[PDB]
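Trainee: Just need the structure, nothing else, for what follows:
(one chain, ligands or ions: 4)
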Amino acid sequence: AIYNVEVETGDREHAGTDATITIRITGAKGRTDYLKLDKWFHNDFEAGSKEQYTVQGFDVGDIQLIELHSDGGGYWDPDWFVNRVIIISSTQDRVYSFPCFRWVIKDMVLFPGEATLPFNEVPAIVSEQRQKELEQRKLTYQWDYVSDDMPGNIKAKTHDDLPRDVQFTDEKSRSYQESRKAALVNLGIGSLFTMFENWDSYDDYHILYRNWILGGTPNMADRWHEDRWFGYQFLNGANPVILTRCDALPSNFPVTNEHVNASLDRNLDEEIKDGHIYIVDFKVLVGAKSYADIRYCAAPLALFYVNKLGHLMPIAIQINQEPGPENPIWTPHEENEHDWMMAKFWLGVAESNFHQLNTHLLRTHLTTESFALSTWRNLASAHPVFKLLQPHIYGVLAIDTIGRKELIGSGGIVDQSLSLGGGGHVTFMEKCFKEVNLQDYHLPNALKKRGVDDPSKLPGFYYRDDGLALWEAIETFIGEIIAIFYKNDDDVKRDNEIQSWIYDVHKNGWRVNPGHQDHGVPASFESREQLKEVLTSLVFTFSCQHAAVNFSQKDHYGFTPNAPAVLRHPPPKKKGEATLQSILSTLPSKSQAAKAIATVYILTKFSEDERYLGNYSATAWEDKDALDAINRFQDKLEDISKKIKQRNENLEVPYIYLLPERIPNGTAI
Ligand SMILES: [Ca+2]
Ligand SMILES: [Ca+2]
Ligand SMILES: [Ca+2]
Ligand SMILES: [Fe+2]
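Mentor: Numbering: from 1, shown residues only. Ligands and ions are numbered 1, 2, ... in the order given. Now the structure:
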């Protein structure tokens with residue numbers, strides 16, 4: 001009898017309703033009857049309201065769960081986004097919290113505070129009510145596949161076709177669209193599009209980014225031409241992947257001491273084997289270019305060497321896999337300057353497509369999408385991990401939906417930007433995926449398994465430093481939570497839910513279809529340290545990974561000559577033919593280069609309603625310990641944030657892509 005119901009409404013556009021809301025409290029001695037919550041001569045549940053409704057009914061025992069019920073809205077978006085509900089029984093000395101943060105269509109059952117594992121002590125009704133929702137989730141979130149060689153994704157024709165809980169905030173859409181090719185016009189590039197001519201000089205390209213006032217001028221926009229900075233980027237550029245330490249030269253990359261020598265402080269075979277030689281091998285390329293707009297791309301491999309002064313230097317570039325008089329080994333000593341510059345460019349077009357399609361779209365978006373769908377399908381609003389993932393899985397589902405049309409679809413801004421845009425990009429994506437493995441998403445392992453792990457040999461690798469820093473915090477945090485709710489490795493095995501989660505991804509997420517090699521995803525969890533491992537990788541990829549590989553694009557591609565996406569001619573068959581003209585009639589044309597900035601501009605736009613790593617402002621989480629763990633976590637993030645800046649306050653080109661307050665909680669683009 002007599003309950004105080006504090007009903008805070010989210011501030012999301014539309015978060016409010018004008019539907020007749022009634023609540024039904026249920027508990028020990030029983031349940032009441034839907035009580036109308038509504039202040040007179042007052043507009044209840046608006047914009048981002050927070051109201052205290054006093055109502056009176058049967059005396060439900062200890063309140064075991066509540067039920068909010070709406071009704072089509074009012075005459076003059078009856079979808080209500082409830083943030084939280086906090087009721088108080090005038091007969092119970094507790095303060096029932098009911099974190100929600102979801103849209104309330106017709107109904108919405110909410111369990112009290114503390115997050116629980118499906119097996120924890122739950123009154124009969126609170127389960128069956130939980131198992132209840134799960135049957136519903138596996139109904140409004142079902143798999144669909146585009147092909148046998150792509151991770152499964154959420155079924156939904158259009159963005160607005162998928163569940164409102166996963167849809168883009170009006171702001172995300174507004175930001176998306178405004179930023180869309182609408183923002184192409186504000187860049188002052190519009191004309192270049194209808195311009196299929198060449199450029200007069202490297203420096204000419206510079207225009208494409210003048211009216212892109214934000215973020216500032218691209219880093220490499222004034223050092224791109226320099227070998228030293230050309231190498232720098234393989235460590236701190238947008239593709240911090242690929243580069244692996246070279247223990248021995250690949251049999252088809254006949255680099256000899258008689259090739260490099262010149263660029264060696266301190267021998268070659270001695271250098272290799274002394275940890276001062278790293279290599280990049282784009283063998284995965286072999287796709288279809290073009291889209292007479294004829295495009296090109298290679299599958300080269302380059303050799304780098306760490307200077308007497310820690311600079312990773314480009315010493316050898318074989319444009320294509322099969323060595324030969326036709327695919328020569330280009331050195332930074334090519335007596336014909338242009339020929340070496342042309343080599344680097346080719347290495348560039350390759351990286352560009354490799355990076356955009358593979359290490360960004362597939363490896364951060366598309367693949368981890370599966371996990372996020374598994375999250376809604378298998379974990380319940382109550383499960384600790386659902387509450388842990390929620391703030392990180394947002395935006396993938398939405399942006400990927402949009403993306404399959406707008407991004408990688410035909411005539412999509414990407415499609416008509418890379419040299420694999422004809423559709424070769426779709427097939428190439430499949431190749432890359434047939435080889436993705438969950439063990440790749442583990443930064444520490446990955447880094448280490450590449451021989452890129454050591455500071456003394458490979459100095460100046462901030463992606464690594466900054467990455468590991470964040471990973472160790474993310475890992476730490478995730479850990480403690482698992483601890484809180486998972487008392488031991490048995491609770492893990494016991495958790496039927498987390499078992500279904502990781503399994504949905506195993507058998508339907510990254511399907512190990514024919515060609516594919518095992519995708520390294522478990523089929524169940526055996527320990528806590530393992531659950532921790534997967535979870536950490538997953539969130540680190542949703543946040544840190546994505547940011548360091550995507551948001552670094554304005555700088556990277558900023559001045560297209562620094563990272564060409566398309567090449568209009570075949571690669572040098574002989575040597576010494578490269579002309580400023582030639583290598584300028586090969587680089588992306590005026591409109592092509594315009595299509596780049598355009599794509600990149602849209603790809604790298606933060607919305608106003610963004611939340612970063614720390615932020616959990618709109619998460620369930622009631623348990624005191626968790627909250628602490630969180631703040632503990634946020635405290636480490638701060639440190640990293642400071643320490644990182646000190647680092648930058650001290651180097652020629654500051655690595656700011658992994659700064660906590662720039663790393664979105666998830667992947668929304
Ligand atoms: Ca509404
Ligand atoms: Ca209202
Ligand atoms: Ca009213
Ligand atoms: Fe993205």
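
Trainee: secondary structure class for the residue of the stretch 201-350 of the chain found nearest ligand 1?
Mentor: The stretch 201-350 of the chain approaches ligand 1 most closely through residue 214 (31.7 Å), counting by C-beta to the ion. C-beta: built from backbone N, CA, C; applies to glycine. Secondary structure, DSSP: H, G, I helix; E, B strand; the rest coil: residue 214 is coil.

Trainee: What does the closest residue to it other than its chain neighbours show for phi and psi?
Mentor: The shortest distance from residue 214 to any non-neighbouring residue, by C-beta to C-beta, 6 or more residues apart in numbering, is to residue 554 (7.8 Å). Backbone geometry at residue 554, expressed as degrees, to the nearest 10, gives phi -60, psi -40.

Trainee: wait, isn't residue 554 in contact with residue 600?
Mentor: Yes: counting by C-beta atoms under 8 Å, residue 600 is a contact partner of residue 554 at 6.4 Å.

Trainee: re earlier: what about the residue nearest to residue 214, how many residues nearby?
Mentor: Residue 554 sits with 22 neighbouring residues when counted by other C-beta atoms under 10 Å.

Trainee: Pull the contacting residues for it.
Mentor: By C-beta atoms under 8 Å, 6 or more residues apart in numbering, the contact set of residue 554 is 209, 212, 214, 215, 218, 600, 601, 604.

Trainee: Distance of it relative to residue 219?
Mentor: Residue 554 sits at a distance of 9 Å from residue 219 (criterion: C-beta to C-beta, to the nearest Å).

Trainee: got the residues of the stretch 201-350 of the chain near ligand 4?
Mentor: By C-beta under 5 Å from the ion, no residue of the stretch 201-350 of the chain approaches ligand 4.

Trainee: and the gap between the residue nearest to residue 214 and residue 398?
Mentor: For residue 554, the distance to residue 398 equals 22 Å [C-beta to C-beta].

Trainee: again, but for residue 9
Mentor: For residue 9, the distance to residue 398 - C-beta to C-beta - is 22 Å.

Trainee: again with residue 130
Mentor: 26 Å.

Trainee: Settle it for me: which of the two has more neighbours?
Mentor: For residue 130 and residue 398, the more surrounded residue by other C-beta under 10 Å is residue 398, and the numbers stand at 24 against 20.

Trainee: what about the more buried one, which SS state?
Mentor: With three-state DSSP as the basis, residue 398 sits in helix.

Trainee: so it sits right up against residue 160, yeah?
Mentor: No: using C-beta under 8 Å, residue 398 makes no contact with residue 160, being 9.8 Å away.

Trainee: quick check: domain ranges of the chain?
Mentor: Split into domains by curated CATH domains, the chain comes to 1-113, 114-240+352-666, 241-351.

Trainee: so which of these gets nearest ligand 2?
Mentor: domain 1-113 (4.1 Å).

Trainee: Would the closest one count as contacting ligand 1?
Mentor: Yes: for domain 1-113, a contact with ligand 1 is found by C-beta under 5 Å from the ion, at 14, 77, 79.

Trainee: The second one and residue 164: what is the separation?
Mentor: Translated: residue 77. 10 Å.

Trainee: so how many other residues sit close to residue 104?
Mentor: Using other C-beta under 10 Å, residue 104 is surrounded by 23 other residues.

Trainee: and it, bridged to which residues?
Mentor: Bridge pairing for residue 104 (DSSP bridges) gives the partners residue 80.

Trainee: Now for it: which residues touch it?
Mentor: Residues in contact with residue 104 (C-beta under 8 Å, 6+ apart) are 17, 68, 70, 79, 80, 81, 82.

Trainee: would you say the last one is within a strand?
Mentor: Yes: the secondary structure assignment for residue 82 places it in a strand, going by three-state DSSP.

Trainee: That one contacts residue 99, doesn't it?
Mentor: No: Residue 82 lies out of contact with residue 99 (C-beta under 8 Å); the separation is 9.5 Å.

Trainee: need the residues of the stretch 451-600 of the chain near ligand 4, please.
Mentor: residue 550.

Trainee: run the last query once more with 8 Å
Mentor: Taking C-beta under 8 Å from the ion, the part of the stretch 451-600 of the chain that reaches ligand 4 is made up of 546, 550.

Trainee: For the stretch 451-600 of the chain, just list every one of the strands.
Mentor: Using DSSP state E, counting those that start in this stretch, no strands are found in the stretch 451-600 of the chain.

Trainee: what does it put close to ligand 2?
Mentor: Taking C-beta under 8 Å from the ion, no part of the stretch 451-600 of the chain reaches ligand 2.
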